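Below is one structure, written out as structure tokens, with a few remarks after it.
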Amino acid sequence: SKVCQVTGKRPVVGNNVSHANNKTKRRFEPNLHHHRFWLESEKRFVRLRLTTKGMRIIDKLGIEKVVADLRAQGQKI
Amino acid sequence: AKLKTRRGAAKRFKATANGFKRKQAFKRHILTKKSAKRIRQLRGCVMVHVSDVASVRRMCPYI
Amino acid sequence: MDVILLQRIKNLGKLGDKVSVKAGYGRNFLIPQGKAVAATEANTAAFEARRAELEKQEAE
RNA sequence: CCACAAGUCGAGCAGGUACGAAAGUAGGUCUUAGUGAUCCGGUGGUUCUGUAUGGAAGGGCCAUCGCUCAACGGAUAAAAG
RNA sequence: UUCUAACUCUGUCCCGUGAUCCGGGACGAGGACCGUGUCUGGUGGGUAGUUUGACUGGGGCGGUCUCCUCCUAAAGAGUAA
RNA sequence: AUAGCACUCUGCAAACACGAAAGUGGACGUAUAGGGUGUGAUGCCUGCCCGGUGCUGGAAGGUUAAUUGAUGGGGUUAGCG
RNA sequence: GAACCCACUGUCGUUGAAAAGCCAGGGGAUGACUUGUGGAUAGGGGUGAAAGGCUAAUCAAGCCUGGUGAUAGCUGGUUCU
RNA sequence: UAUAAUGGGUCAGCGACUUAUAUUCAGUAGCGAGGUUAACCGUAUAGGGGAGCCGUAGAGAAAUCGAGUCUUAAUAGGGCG
RNA sequence: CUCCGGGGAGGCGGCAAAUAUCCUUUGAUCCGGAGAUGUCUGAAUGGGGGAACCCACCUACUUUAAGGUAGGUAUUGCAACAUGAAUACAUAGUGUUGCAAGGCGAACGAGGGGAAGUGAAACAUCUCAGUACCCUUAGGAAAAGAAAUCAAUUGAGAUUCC
């Protein structure tokens, strides 16, 4: 499923609004992709499905802390 | 349920001691050709006509 | 991305310089290959205080 | 005069004018056709209002501008087989 | 114009394994392209909701839809095709 | 509908089709193959037009969407009169 | 040319023996043939040598339940003195 | 409409202007320049509960004033009281 | 069927009445409470399956022929332990034990998705309406809840309902 592991972002619902104010249902989707990150503590590559905001959070906090937080939450990585 | 007012009419009619007052038409945009007498006499408020008082009463119960 | 260098690079710096690199350069090359580490407060303090002499002695 | 919305004629009073020596005449042209309600927005004034207070924005009032809405009392801003 | 580290392989080999899925490891061919998220111009009967006036000696075609003057109008007003 | 004929697309992770994706058919096939379209055994044959619409190729000359944000104008805020 | 599969003409039947038949003739009958058992394709979808044909005696959008007591400027009706 | 315009084969039973809320007018009863409670408490149709509502003053878009008030240079004229 | 308590002239349930056996003052029938037994299907859980069926394995006691009896054998999640690749440590994987979950059911709560008829005397903005419907999930209620809140005579003090 299109669920970001780091942030939990998922597709949401909204409207296409035209020039005559006709409305139709639409979905806004996240910028989700698969990425391999190096982990020295375990000496391995970990593959995560995440967003660019998640990448920014990883850059800010470090791979070790984010991976530990996800494991504590319950994700198996 | 409670009766509901017709807000469009409530924005055009106000209540007097014995009736309703209103503004007059034909004074908005096209004015150059109109005569000065018409310009002056169409200004101000007038009274609602008796024939139409009943509909105003129906549309504005609480005023 | 601000990173302190743990190795000599031709243009970036030499042995402890703090330099600004494009995000991808650090994310995918320098940090994973060990040539630089993000200039967080704790990392900078540790590098400047404890392992500076060890890194210098590890000349090559 | 008129179902309504509207339309038409007008003595006379106050102010400032033009033409007459003066009494006086003049509120468009001999008259009856030359036209468009409401909503929305633009412009000049305004002793009105101004979401705690002083301002401002915005709103109201007077004047005025934008429809061949001619299917001309004008379904919606926009519609053939 | 080169490079490889993100990234692609419905290419070979090794393991989970007894397996033409999948995962991991090695190699090889590509490579900052392709592709995806947000925003944005164009195209869009493929699909979807609709519209396409009234009068009228039946309907359609034609004509007309608002205003002014005369006659019909029967010496006050008004009076239809 | 048919055997035959002709135009057009597709270099393989093919084009095309189904599906929301994963993926599946095309095909465990590879331009002597696969899809779309028209005509319709065979014999003799199949004239003119590229102005219009479409398709294909080129041109970089005019118009600009997001984005970016020069300059100008305005409200309030200090001190002076 | 029998079996088997079809349905070209005529009579009868039309509250039928039968919600599609009987009788007398008629066409294919080694093939693009006929047929049993068990499977796959589901409604704006499926399948169609193509008739808008078929999809349970129902098809220019199946059936059942729910929104639902839909709306109807139309037709009918509306009870003793 | 005797109509050859519609409906009814006959009998028995069933079958269609309601209910809640708000408002306006009339009749009737209480009180009266005053009238009245709501939710709620209450061994509860009692008693308590005055928040609130209608009436007692209009004019003006409004500031504002007030038996007066709007318009205006105007104690004129005029509109509403 | 057993036990405890109540009760004292009848009773062997009904459609469905009858004869016959029969039980009962050493106390029946009947009423209340606590226990014993409780075939097969069904979340069904040893595998399969066209529900109430077919087939199989392990352990222990009996057995002599080709049987009986009593248990155990599902998946997922978590924890402990053991074993254990590519690959040298590791890791993935694998296995045993212990615990927990699945399903059903009236309405009410919370959350994810979400129409159209109709009205506007046509209709697209709007209305119908966050309604109908689908999906996930808790409790006896749920949710909310203690101000980066209102107010403006410079005051009131968490949520919820009338």
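Numbering starts fresh at 1 for the residues of each chain in the structure tokens, the chains themselves are lettered A, B, ... in the order given, and ligands are numbered from 1 as they appear.
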Near-residue 138 of chain I list (12 Å; only C-alpha atoms (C1' of nucleotides); drop same-chain fewer than 6 positions) as a PyMOL selection string = chain I and resi 109-111
Considering only C-alpha atoms, give me a table of residues in chain A that are at most 10 Å from chain C, with the closest atom pair and distance in Å for each, as JSON lines.
{"residue": "A:36", "atom": "CA", "partner": "C:28", "partner_atom": "CA", "distance": 9.3}
{"residue": "A:37", "atom": "CA", "partner": "C:32", "partner_atom": "CA", "distance": 8.1}
{"residue": "A:38", "atom": "CA", "partner": "C:32", "partner_atom": "CA", "distance": 6.0}
{"residue": "A:39", "atom": "CA", "partner": "C:32", "partner_atom": "CA", "distance": 8.3}
{"residue": "A:40", "atom": "CA", "partner": "C:32", "partner_atom": "CA", "distance": 8.5}
{"residue": "A:55", "atom": "CA", "partner": "C:27", "partner_atom": "CA", "distance": 9.4}
{"residue": "A:56", "atom": "CA", "partner": "C:23", "partner_atom": "CA", "distance": 9.4}
{"residue": "A:58", "atom": "CA", "partner": "C:27", "partner_atom": "CA", "distance": 9.7}
{"residue": "A:59", "atom": "CA", "partner": "C:27", "partner_atom": "CA", "distance": 7.7}
{"residue": "A:60", "atom": "CA", "partner": "C:40", "partner_atom": "CA", "distance": 8.7}
{"residue": "A:61", "atom": "CA", "partner": "C:40", "partner_atom": "CA", "distance": 9.0}
{"residue": "A:62", "atom": "CA", "partner": "C:38", "partner_atom": "CA", "distance": 8.7}
Neighbours of chain D in chain A at 12 Å, counting only C-alpha atoms (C1' of nucleotides), as a ChimeraX atom specification | /A:19-21
What would the file look like if the residues just selected were written as a PDB file, in the first residue's frame with C-alpha atoms?
ATOM      1  CA  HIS A  19     -13.702  27.344 -14.258  1.00  0.00           C
ATOM      2  CA  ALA A  20     -17.512  27.031 -14.155  1.00  0.00           C
ATOM      3  CA  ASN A  21     -17.238  25.636 -10.593  1.00  0.00           C
TER       4      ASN A  21
END
Suppose you want the space between atom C1' of residue 86 of chain I and atom CA of residue 46 of chain A; what is it in Å?
->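 One can read the atom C1' of residue 86 of chain I to atom CA of residue 46 of chain A distance as 17.7 Å.
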Would you work out the distance separating atom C1' of residue 42 of chain D from atom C1' of residue 58 of chain D, expressed in Å to one decimal?
->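 Going from atom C1' of residue 42 of chain D over to atom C1' of residue 58 of chain D, I get 16.3 Å.
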Quick one: residues within 12 Å of segment 131-137 of chain I, only C-alpha atoms (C1' of nucleotides) counted, chain neighbours fewer than 4 positions away excluded, as a VMD selection string?
-> (chain G and resid 66 to 68) or (chain I and resid 109 to 117)
Do you know which residues are at most 8 Å from segment 1-6 of chain D counting only C-alpha atoms (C1' of nucleotides), after dropping those on the same chain fewer than 2 positions away, and could you put them as a PyMOL selection string?
-> (chain B and resi 51-52) or (chain D and resi 8)
Would you list, as a PyMOL selection string, the residues of chain C that end up in alpha helix (DSSP H) under DSSP run on this structure's backbone?
-> chain C and resi 23-24+31-33+41-49+52-57
Gap from atom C1' of residue 162 of chain I to atom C1' of residue 49 of chain H - Å, one decimal |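 Separating atom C1' of residue 162 of chain I from atom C1' of residue 49 of chain H is a distance of 15.1 Å.
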Running DSSP on the backbone, which parts of chain B land in strand (DSSP E or B), as a list in words?
->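 Listing strand (DSSP E or B) positions across chain B yields residues 14, 15, 20, 21, 22, 23, 45, 46 and 47 of chain B.
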Test item: residues at most 12 Å from residue 13 of chain D, only C-alpha atoms (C1' of nucleotides), excluding those fewer than 2 positions along its chain, as a VMD selection string = (chain D and resid 11 15) or (chain H and resid 74 76 to 78)
For chain A, report every residue with an atom at most 10 Å from chain I (counting only C-alpha atoms (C1' of nucleotides)), formatted as a list in words.
-> residues 13, 20, 21, 22, 23, 42, 43 and 44 of chain A
Go ahead and write the residues just picked, N, CA and C atoms, as a short mmCIF file (atom, residue, chain, number, x, y, z; two decimals), in the first residue's frame.
data_model
loop_
_atom_site.label_atom_id
_atom_site.label_comp_id
_atom_site.auth_asym_id
_atom_site.auth_seq_id
_atom_site.Cartn_x
_atom_site.Cartn_y
_atom_site.Cartn_z
N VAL A 13 -8.24 12.50 -0.36
CA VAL A 13 -9.31 12.79 -1.31
C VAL A 13 -9.55 14.30 -1.37
N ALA A 20 -16.09 26.82 -14.40
CA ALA A 20 -17.51 27.03 -14.15
C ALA A 20 -17.94 26.48 -12.80
N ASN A 21 -16.99 26.15 -11.94
CA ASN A 21 -17.24 25.64 -10.59
C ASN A 21 -17.89 24.26 -10.60
N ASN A 22 -17.70 23.49 -11.66
CA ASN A 22 -18.04 22.07 -11.62
C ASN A 22 -16.99 21.34 -10.79
N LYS A 23 -17.45 20.48 -9.88
CA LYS A 23 -16.57 19.74 -8.98
C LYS A 23 -16.60 18.25 -9.31
N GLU A 42 24.54 -2.38 11.53
CA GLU A 42 24.23 -3.73 11.08
C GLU A 42 24.99 -4.12 9.82
N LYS A 43 25.78 -3.22 9.25
CA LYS A 43 26.61 -3.52 8.08
C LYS A 43 25.76 -4.05 6.93
N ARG A 44 24.70 -3.32 6.59
CA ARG A 44 23.83 -3.77 5.51
C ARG A 44 23.05 -2.61 4.91
#
Would you kindly return, as a PDB file with N, CA, C and O atoms (P, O5', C5', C4', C3', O3' and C1' of nucleotides), in the first residue's frame, each protein, DNA or RNA residue with an atom no farther than 10 Å from any atom of residue 16 of chain H, considering only C-alpha atoms (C1' of nucleotides) and excluding same-chain residues fewer than 3 positions away?
ATOM      1  P     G G  77     -64.423  10.373 -12.173  1.00  0.00           P
ATOM      2  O5'   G G  77     -64.089   9.999 -10.662  1.00  0.00           O
ATOM      3  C5'   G G  77     -64.239   8.670 -10.190  1.00  0.00           C
ATOM      4  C4'   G G  77     -63.778   8.529  -8.761  1.00  0.00           C
ATOM      5  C3'   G G  77     -64.456   9.426  -7.740  1.00  0.00           C
ATOM      6  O3'   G G  77     -65.721   8.933  -7.333  1.00  0.00           O
ATOM      7  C1'   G G  77     -62.113   9.429  -7.381  1.00  0.00           C
ATOM      8  P     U G  78     -66.868   9.938  -6.831  1.00  0.00           P
ATOM      9  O5'   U G  78     -66.327  10.482  -5.435  1.00  0.00           O
ATOM     10  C5'   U G  78     -66.164   9.615  -4.322  1.00  0.00           C
ATOM     11  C4'   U G  78     -65.429  10.294  -3.193  1.00  0.00           C
ATOM     12  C3'   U G  78     -66.030  11.603  -2.700  1.00  0.00           C
ATOM     13  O3'   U G  78     -67.076  11.395  -1.765  1.00  0.00           O
ATOM     14  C1'   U G  78     -63.692  11.865  -3.025  1.00  0.00           C
ATOM     15  P     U G  79     -68.434  12.251  -1.835  1.00  0.00           P
ATOM     16  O5'   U G  79     -69.477  11.368  -1.017  1.00  0.00           O
ATOM     17  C5'   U G  79     -69.903  10.095  -1.496  1.00  0.00           C
ATOM     18  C4'   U G  79     -70.359   9.195  -0.372  1.00  0.00           C
ATOM     19  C3'   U G  79     -70.985   9.913   0.825  1.00  0.00           C
ATOM     20  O3'   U G  79     -72.016   9.108   1.394  1.00  0.00           O
ATOM     21  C1'   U G  79     -69.110   8.681   1.543  1.00  0.00           C
TER      22        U G  79
END
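Near residue 74 of chain F, within 12 Å and counting only C-alpha atoms (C1' of nucleotides), sit residues 56 and 57 of chain D; 72 and 76 of chain F; same-chain residues fewer than 2 positions away were not included.
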File of the preceding selection, N, CA and C atoms (P, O5', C5', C4', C3', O3' and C1' of nucleotides), as a PDB file, in the first residue's frame:
ATOM      1  P     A D  56      -9.066  56.587   8.354  1.00  0.00           P
ATOM      2  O5'   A D  56      -8.615  55.334   7.480  1.00  0.00           O
ATOM      3  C5'   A D  56      -7.410  55.364   6.732  1.00  0.00           C
ATOM      4  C4'   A D  56      -6.895  53.974   6.455  1.00  0.00           C
ATOM      5  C3'   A D  56      -7.812  53.072   5.642  1.00  0.00           C
ATOM      6  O3'   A D  56      -7.722  53.300   4.246  1.00  0.00           O
ATOM      7  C1'   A D  56      -7.071  51.904   7.548  1.00  0.00           C
ATOM      8  P     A D  57      -9.037  53.227   3.324  1.00  0.00           P
ATOM      9  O5'   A D  57      -9.321  51.667   3.171  1.00  0.00           O
ATOM     10  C5'   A D  57      -8.380  50.809   2.543  1.00  0.00           C
ATOM     11  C4'   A D  57      -8.678  49.356   2.820  1.00  0.00           C
ATOM     12  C3'   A D  57     -10.025  48.842   2.332  1.00  0.00           C
ATOM     13  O3'   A D  57     -10.035  48.523   0.951  1.00  0.00           O
ATOM     14  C1'   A D  57      -9.675  48.132   4.556  1.00  0.00           C
TER      15        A D  57
ATOM     16  P     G F  72      10.808  52.808  -7.675  1.00  0.00           P
ATOM     17  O5'   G F  72       9.263  53.136  -7.886  1.00  0.00           O
ATOM     18  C5'   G F  72       8.847  54.010  -8.923  1.00  0.00           C
ATOM     19  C4'   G F  72       7.383  53.842  -9.246  1.00  0.00           C
ATOM     20  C3'   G F  72       6.406  54.162  -8.128  1.00  0.00           C
ATOM     21  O3'   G F  72       6.182  55.551  -7.962  1.00  0.00           O
ATOM     22  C1'   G F  72       5.793  52.122  -9.140  1.00  0.00           C
ATOM     23  P     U F  76      -2.913  55.873   7.646  1.00  0.00           P
ATOM     24  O5'   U F  76      -2.035  55.062   8.697  1.00  0.00           O
ATOM     25  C5'   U F  76      -2.640  54.179   9.631  1.00  0.00           C
ATOM     26  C4'   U F  76      -1.626  53.238  10.230  1.00  0.00           C
ATOM     27  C3'   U F  76      -0.473  53.891  10.977  1.00  0.00           C
ATOM     28  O3'   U F  76      -0.815  54.241  12.306  1.00  0.00           O
ATOM     29  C1'   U F  76       0.366  52.231   9.509  1.00  0.00           C
TER      30        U F  76
END
Contact set, chain H to chain B: 9 Å, only C-alpha atoms (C1' of nucleotides), as a list in words | residues 20, 21, 22, 23, 58, 79, 80 and 81 of chain H
Write the residues of the selection above to a file with C-alpha atoms (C1' of nucleotides), as a PDB file, in the first residue's frame.
ATOM      1  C1'   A H  20     -46.530  18.021  14.548  1.00  0.00           C
ATOM      2  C1'   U H  21     -44.595  22.837  14.607  1.00  0.00           C
ATOM      3  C1'   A H  22     -44.788  28.396  13.434  1.00  0.00           C
ATOM      4  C1'   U H  23     -47.736  32.276  12.045  1.00  0.00           C
ATOM      5  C1'   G H  58     -41.822  57.379  15.818  1.00  0.00           C
ATOM      6  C1'   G H  79     -42.836  62.878   3.205  1.00  0.00           C
ATOM      7  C1'   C H  80     -43.671  59.651   7.450  1.00  0.00           C
ATOM      8  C1'   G H  81     -45.819  60.169  12.620  1.00  0.00           C
TER       9        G H  81
END
